[PDB]
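Protein chains in written order, with our numbering: chain A, 98 to 177; chain B, 2 to 410; chain C, 3 to 255; chain D, 8 to 29; chain E, 12 to 80. Even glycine gets a Cβ: it sits at the ideal position worked out from N, Cα and C. Read through the structure below, which is laid out as structure tokens, and then see the notes.
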Amino acid sequence: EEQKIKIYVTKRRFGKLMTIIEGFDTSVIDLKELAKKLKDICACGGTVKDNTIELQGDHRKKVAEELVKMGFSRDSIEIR
Amino acid sequence: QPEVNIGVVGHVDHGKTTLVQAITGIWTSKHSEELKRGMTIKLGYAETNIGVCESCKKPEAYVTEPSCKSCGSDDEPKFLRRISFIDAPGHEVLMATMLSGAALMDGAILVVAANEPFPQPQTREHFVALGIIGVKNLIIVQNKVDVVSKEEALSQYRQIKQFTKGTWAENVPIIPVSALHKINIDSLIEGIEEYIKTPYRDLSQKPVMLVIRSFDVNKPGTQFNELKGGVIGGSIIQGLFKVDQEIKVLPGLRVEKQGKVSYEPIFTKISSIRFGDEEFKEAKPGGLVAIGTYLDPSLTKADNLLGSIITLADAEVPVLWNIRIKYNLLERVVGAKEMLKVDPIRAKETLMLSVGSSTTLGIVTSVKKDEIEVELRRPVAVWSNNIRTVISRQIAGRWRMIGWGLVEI
Amino acid sequence: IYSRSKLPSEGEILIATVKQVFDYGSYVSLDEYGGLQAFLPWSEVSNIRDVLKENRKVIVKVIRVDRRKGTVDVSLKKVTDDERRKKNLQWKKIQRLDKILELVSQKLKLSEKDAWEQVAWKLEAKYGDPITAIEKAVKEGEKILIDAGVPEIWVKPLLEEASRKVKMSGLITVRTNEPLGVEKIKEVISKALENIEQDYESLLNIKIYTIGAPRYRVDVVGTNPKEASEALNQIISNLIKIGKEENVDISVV
Amino acid sequence: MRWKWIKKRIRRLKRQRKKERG
Amino acid sequence: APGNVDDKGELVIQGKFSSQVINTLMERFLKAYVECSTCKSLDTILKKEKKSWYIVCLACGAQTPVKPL
RNA sequence: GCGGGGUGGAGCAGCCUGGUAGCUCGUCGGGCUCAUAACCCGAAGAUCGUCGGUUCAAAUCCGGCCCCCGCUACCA
Ligand SMILES: Nc1nc2c(ncn2[C@@H]2O[C@H](COP(=O)(O)OP(=O)(O)NP(=O)(O)O)[C@@H](O)[C@H]2O)c(=O)[nH]1
Ligand SMILES: [Mg+2]
């Protein structure tokens with residue numbers, strides 16, 4: 098395997114700052130379903146924006162931890 | 002055709018496939034290009050001929066080609082049998098296939114690595130799977146001794162000789178090898194020529210076999226005039242198939258009617274029979290075969306009928322949706338780096354039920370002492386009353402072997 | 003094929019022939035313009051050895067006409083494939099003609115320039131591809147020739163001197179579950195590929211193969227571009243039908 | 008509102024009735 | 012050049028060649044037909060089948076496929 | 001051996017049609033609002049991989065290597 102990822106804060110609307118998740122292989126990973134799952138973890142709005150997922154608010158640690166729970170390599174994930 | 006099915010269990014990258022390469026020559030390709038950067042991903046396959054130097058001394062007397070003039074001298078070594086292997090993978094997650102694979106084995110060889118901490122996760126996971134399913138004819142092998150201190154490989158032999166104690170493993174011998182420089186392999190052939198004896202199989206029995214691969218032979222571009230048939234790879238266990246018999250596949254393909262589900266049996270005629278690269282007119286247990294069929298190769302491209310079984314057309318076998326398992330648990334989860342103690346089964350839990358070659362998922366409707374009733378996504382054709390099964394749970398994202406039992410009808 | 007113009011109208015599409023392969027393009031010759039040599043650079047091309055061949059007669063669109071120096075640049079990228087057929091039948095027509103004058107003039111011992119000036123330029127007037135003002139002529143009469151004022155010397159020598167690959171393909175899908183499925187595949191394909199050599203007639207070769215496991219490719223190659231799908235579609239139809247009339251599911255992608 | 012509730016009640020019912028049926 | 016072998020295992024090359032070039036061509040022979048690719052042992056066999064010959068190491072155990080000639 | 005690509009911190013434009021370096025992630029200043037966002041304007045930052053060539057002028061055109069990526073789709 099070899100799937101890296103970046104998780105960082107991204108400007109958004111009301112609240113403070115959104116959360117951006119990128120780096121998934123879109124041919125293997127369905128971002129729509131991933132986003133739906135992540136939205137339940139964070140209990141916030143979100144969308145698939147191009148090849149990324151954008152979540153409202155700061156949920157960097159939450160998302161990273163959930164991704165590990167889902168079988169993605171701990172070492173492939175970077176929070177910025 | 003090969004007599005017997007020997008499995009090569011063990012942890013990852015200890016070199017299982019490599020040992021298979023020193024014995025047969027064959028590689029498992031490592032394919033899909035992915036396997037080529039990774040490692041064995043499908044069960045590998047390979048065969049070989051074992052003859053013996055009567056006219057000289059053992060273990061070296063244990064030959065591979067009709068040729069004795071390699072040790073002592075000439076008298077064309079006498080042919081004892083032709084065997085086959087099943088290279089599993091080693092990765093903690095390919096557990097579900099290796100399980101599957103065991104269903105075809107008649108015995109095994111545990112490849113431990115000489116330069117890494119003896120009971121390594123998967124090494125154990127496997128071992129106990131072996132003692133659980135029934136594969137009691139075992140040979141442990143100390144592999145990478147070509148990269149160690151003459152002390153190290155003996156002390157490991159100790160930890161091994163000590164693990165192999167309370168457990169069922171009396172004199173499961175331990176033959177240290179060098180799969181890389183093919184050293185000492187002949188004493189391995191002598192082990193496997195002693196301990197992994199070739200089981201009798203009554204032929205008269207119902208023709209029954211397990212499937213673990215299937216391919217679309219057809220090259221990118223072959224014209225329709227010579228589209229070669231659909232091809233089913235797997236192993237026979239009881240009975241014997243012959244060219245031109247009428248056959249069926251179970252549970253077989255499911256239909257779609259607006260969200261409904263419905264599997265049903267596929268019939269065809271054995272177009273052809275092949276072991277290794279050589280064609281035969283019939284086929285009997287031990288080995289993997291491949292069966293040429295007359296069915297649309299679409300139907301068995303990538304490995305579709307994986308976990309399906311083939312039997313006599315017009316034969317009596319149940320295609321269950323719900324099943325009565327009698328059962329037992331391990332006290333530990335030998336397969337996580339962590340040994341956390343097995344929680345008893347709660348109902349409405351999803352568990353992987355590994356039955357035969359197949360790998361199915363199912364939910365728990367009943368929870369008694371050692372008899373639970375399971376509801377399945379994909380049907381299981383239960384060929385016997387003796388149906389061994391293996392039961393797993395998604396512990397931490399990755400699935401894990403936790404306990405077993407017997408199918409019940 | 004002498005032209006009644008010096009330079010082709012820019013952006014025009016025509017049949018030319020590769021003359022000389024050089025490093026950074028090649029010189030071609032616009033067969034409809036007295037072999038008017040022009041220039042074609044790689045930035046307009048795209049196994050490149052069979053269309054960058056010494057003499058295969060390609061089709062192109064005129065990128066640039068510099069009326070000044072008298073040079074022309076063309077491209078084969080910029081050729082729509084909807085243009086590539088229409089102006090591919092126009093070809094077989096414009097070469098029936100070529101032959102005609104290429105033998106009548108000779109016969110009459112004159113010039114193909116006077117065969118194209120006289121015969122083909124005035125039969126340009128009478129609304130039409132001149133080879134058709136002669137297809138009415140040979141059938142009807144030489145008074146179709148004389149109307150337009152075609153110098154009555156060629157007229158009869160004309161009339162009496164009057165009477166290659168393209169590839170097209172398709173992704174299909176053929177599922178089946180029949181006990182002897184493969185077989186039925188071979189069947190429906192060999193019943194839906196039947197008598198076709200004479201139906202949508204003379205073409206060159208047809209090939210059906212698997213490139214997915216249910217996805218297949220049919221391949222009609224032929225002489226007359228607009229004989230393409232004519233053959234092909236028909237085939238693909240009878241797939242379906244016979245597939246659909248012999249328990250074998252088939253369906254175009 | 009009663010849209011909400013009816014489908015919430017229905018989903019609760021189904022999901023739970025799924026858990027009972029299972 | 013032409014040549015055959017003595018009845019007493021000697022090579023008689025029907026041509027007078029320089030001692031040196033012989034070695035140069037000889038090592039090249041070793042490289043391509045005797046030396047193992049995996050470890051370079053020179054302790055090998057030389058299989059043959061329909062049209063594929065292989066170098067077979069007595070040490071490492073690997074088989075360098077060679078151009079049957 | 002072919003052919004694609006090295007541009008502010010990251011990820012992408014601009015190059016065959018030579019002189020103008022554009023876009024998105026947060027910063028800073030000023031607006032809008034009763035206020036926060038959003039939106040708006042104004043600001044920080046680039047030897048454009050390197051060693052040179054042609055030109056008035058080279059991100060741009062021609063050659064020299066240095067790492068980066070792919071090549072006509074895989075076997076009873
Ligand atoms: N030094 C040494 N290296 C060895 C030995 N055996 C195997 N290896 C090395 O170990 C690597 C792993 O080989 P491989 O057979 O793929 O391991 P595997 O266990 O079969 N993989 P998998 O677990 O998925 O089947 C190879 O690169 C090989 O070079 C050995 O005895 N000595
Ligand atoms: Mg391997």
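Point to revise | Among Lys243(C), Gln92(C), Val222(C), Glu185(C), nearest to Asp131(C) - alpha-carbon criterion | key: Ranking the options by Cα distance to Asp131(C), first place goes to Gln92(C).
Practice item. Could you spell out the range, first to last residue, of the beta strand (DSSP E) harbouring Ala47(B)? Key: That run of the beta strand (DSSP E) goes 45 to 53.
**Study point:** Length at least 4, wholly inside the stretch 158 to 187 of chain B: the alpha helix (DSSP H) runs in chain order
**Key:** Listed in chain order, there is nothing to give.
Review point. Counting along the chain, where does the beta strand (DSSP E) carrying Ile102(A) start and finish?
Key: Per DSSP, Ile102(A) belongs to the beta strand (DSSP E) from 102 to 107.
Check your understanding: Could you give the distance in angstroms between the alpha-carbon of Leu20(B) and the alpha-carbon of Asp137(A)?
Key -> In this structure, the CA atom of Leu20(B) is about 48 Å from the CA atom of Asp137(A).
**Study point:** Of the listed residues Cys141(A), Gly168(A), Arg157(A), nearest to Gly112(A) (C-alpha basis)
**Key:** If you compare the alpha carbons of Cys141(A), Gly168(A), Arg157(A) with that of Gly112(A), the shortest gap goes to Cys141(A).
Review point. Contact check, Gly29(D) vs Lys261(B) under 8 Å by CB: the rounded distance?
Key: The C-beta separation of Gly29(D) from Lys261(B) comes to about 18 Å, leaving the pair out of contact by the 8 Å criterion.
Review point. Per DSSP, what kind of secondary structure is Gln2(B) in: helix, strand or coil?
Key: If DSSP states are grouped into helix, strand and coil, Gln2(B) belongs with coil.
Review point. At what residues does the alpha helix (DSSP H) containing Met37(E) begin and finish?
Key: If you look at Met37(E), you'll find it in the alpha helix (DSSP H) that goes 30 to 44.
Check your understanding: With 16 other CB atoms within 10 Å as the buried threshold, where does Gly52(B) fall?
Key -> Looking at its Cβ environment, which holds 16 or more other Cβ atoms inside 10 Å, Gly52(B) is buried.
**Study point:** For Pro132(C), the first and last residue of its enclosing alpha helix (DSSP H)
**Key:** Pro132(C) -> alpha helix (DSSP H) spans 132 to 141.
Point to revise | Cβ-based burial, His127(B) [other Cβ within 10 Å; buried from 16] | key: The residue in question, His127(B), is buried, as its Cβ has 16 or more Cβ neighbours within 10 Å.
**Study point:** Any residue whose CB is nearer than 6 Å to a heavy atom belonging to ligand 1, listed in chain order
**Key:** Matched residues: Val13(B), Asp14(B), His15(B), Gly16(B), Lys17(B), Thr18(B), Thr19(B), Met40(B), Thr41(B), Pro90(B), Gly91(B), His92(B), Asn144(B), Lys145(B), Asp147(B), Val148(B), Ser179(B), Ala180(B), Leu181(B).
Check your understanding: What distance in whole Å lies between the Cβ atoms of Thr168(B) and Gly132(B), which are believed to be in contact at a cut-off of 8 Å?
Key -> That belief holds up - the Cβ atoms of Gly132(B) and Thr168(B) are roughly 7 Å apart, short of 8 Å.
Review point. Fully enclosed by the stretch 143 to 203 of chain C, which beta strand (DSSP E) runs are 3 residues long or longer?
Key: As far as the stretch 143 to 203 of chain C is concerned, its whole beta strand (DSSP E) runs of at least 3 residues are 168 to 177.
Review point. Residues of chain E with CB under 7 Å from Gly26(B), in chain order?
Key: Ordered by position in chain E, the residues that pass the 7 Å Cβ test against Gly26(B) are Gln74.
Point to revise | chain B within 8 Å of residue 81(E), Cβ atoms only | key: This structure does not reach residue 81(E), given that chain E is present from 12 up to 80, and the question cannot be answered.
Check your understanding: Using a C-beta cutoff of 8 Å, does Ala43(E) count as contacting chain B?
Key -> The beta-carbon of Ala43(E) is placed no less than 8 Å from the nearest beta-carbon of chain B.
Check your understanding: Can you find a heavy atom of ligand 4 that lies under 7 Å from the Cβ of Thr25(B)?
Key -> Ligand 4 is not part of this structure, which contains only ligand 1 and ligand 2.
Exercise for review: Using the Cα positions of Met8(D) and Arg18(D), report the straight-line distance between them to the nearest angstrom.
Suggested key: When rounded, the distance between both Cα atoms is 15 Å.
Exercise for review: Note down, in chain order, all residues in the stretch 154 to 169 of chain A with a beta-carbon under 7 Å from any beta-carbon belonging to chain B.
Suggested key: Near chain B, meaning a CB-to-CB distance below 7 Å, the residues of the stretch 154 to 169 of chain A are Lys166, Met167, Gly168.
Exercise for review: Ignore the nearest five residues each way along the sequence and tell me which others in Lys183(B)'s own chain have a CB closer than 8 Å to its CB.
Suggested key: Annotation for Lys183(B): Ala23 place their beta carbon closer than 8 Å to its own, counting only its chain and skipping 5 residues before and after.
**Study point:** Through-space distance from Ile102(A) to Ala382(B), alpha-carbon basis
**Key:** Straight-line measurement puts the Cα of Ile102(A) at about 43 Å from the Cα of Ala382(B).
Practice item. May I have the straight-line CA-CA distance separating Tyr44(E) from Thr351(B), to the nearest angstrom? Key: Near 59 Å, if we compare the C-alpha coordinates of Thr351(B) and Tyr44(E).
Check your understanding: Relative to the alpha-carbon of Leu54(C), which residue among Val74(C), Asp25(C), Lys63(C), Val67(C) has its alpha-carbon at the smallest distance?
Key -> Taking each of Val74(C), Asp25(C), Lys63(C), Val67(C) in turn and checking the Cα distance to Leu54(C), the smallest one comes out for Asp25(C).
Point to revise | Any C-beta of chain C under 8 Å from that of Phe268(B) | key: Chain C, which has a Cβ nearer than 8 Å to the Cβ of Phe268(B), makes this yes.
Check your understanding: Going straight from the alpha carbon of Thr19(C) to that of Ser239(C), what length do you get?
Key -> Computed Cα separation, rounded: 37 Å.
Check your understanding: In terms of alpha-carbon separation, which member of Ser179(B), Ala114(B), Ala180(B), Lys162(B) lies closest to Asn172(B)?
Key -> Checked all of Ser179(B), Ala114(B), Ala180(B), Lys162(B); the closest Cα to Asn172(B) is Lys162(B).
Check your understanding: What residues from chain E crowd round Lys183(B), counting only those whose CB sits closer than 8 Å?
Key -> In chain order: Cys68, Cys71, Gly72, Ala73.
Practice item. Tell me whether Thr35(E) counts as near ligand 2, meaning its Cβ is closer than 7 Å to at least one heavy atom of that ligand. Key: Taken from the Cβ of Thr35(E), every heavy atom of ligand 2 lies 7 Å or farther away.
Review point. So, using beta-carbon positions, are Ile87(B) and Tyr46(B) closer together than 8 Å?
Key: Yes, these two residues count as a Cβ contact at 8 Å.
Exercise for review: Tell me where the alpha helix (DSSP H) around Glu409(B) begins and ends.
Suggested key: Counting along the chain, no alpha helix (DSSP H) covers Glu409(B); the unbroken beta strand (DSSP E) around it starts and ends at 400 to 409.
Review point. Just the Cα atoms here: how many angstroms apart are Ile15(C) and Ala215(C)?
Key: The straight-line gap from Cα to Cα measures roughly 40 Å.
Review point. For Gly398(B), which residues in chain A fall below 7 Å Cβ to Cβ?
Key: Among the residues of chain A, those whose CB is under 7 Å from the CB of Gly398(B) are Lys166, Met167, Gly168, following chain order.
Check your understanding: So, helix, strand or coil for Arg379(B), using DSSP?
Key -> DSSP places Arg379(B) in the strand class (E or B) of the three-state scheme.
Check your understanding: Who are the neighbours of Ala23(B) on chain E, taking C-beta pairs under 7 Å?
Key -> Listed by position along chain E, the residues whose Cβ is nearer than 7 Å to that of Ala23(B) are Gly72.
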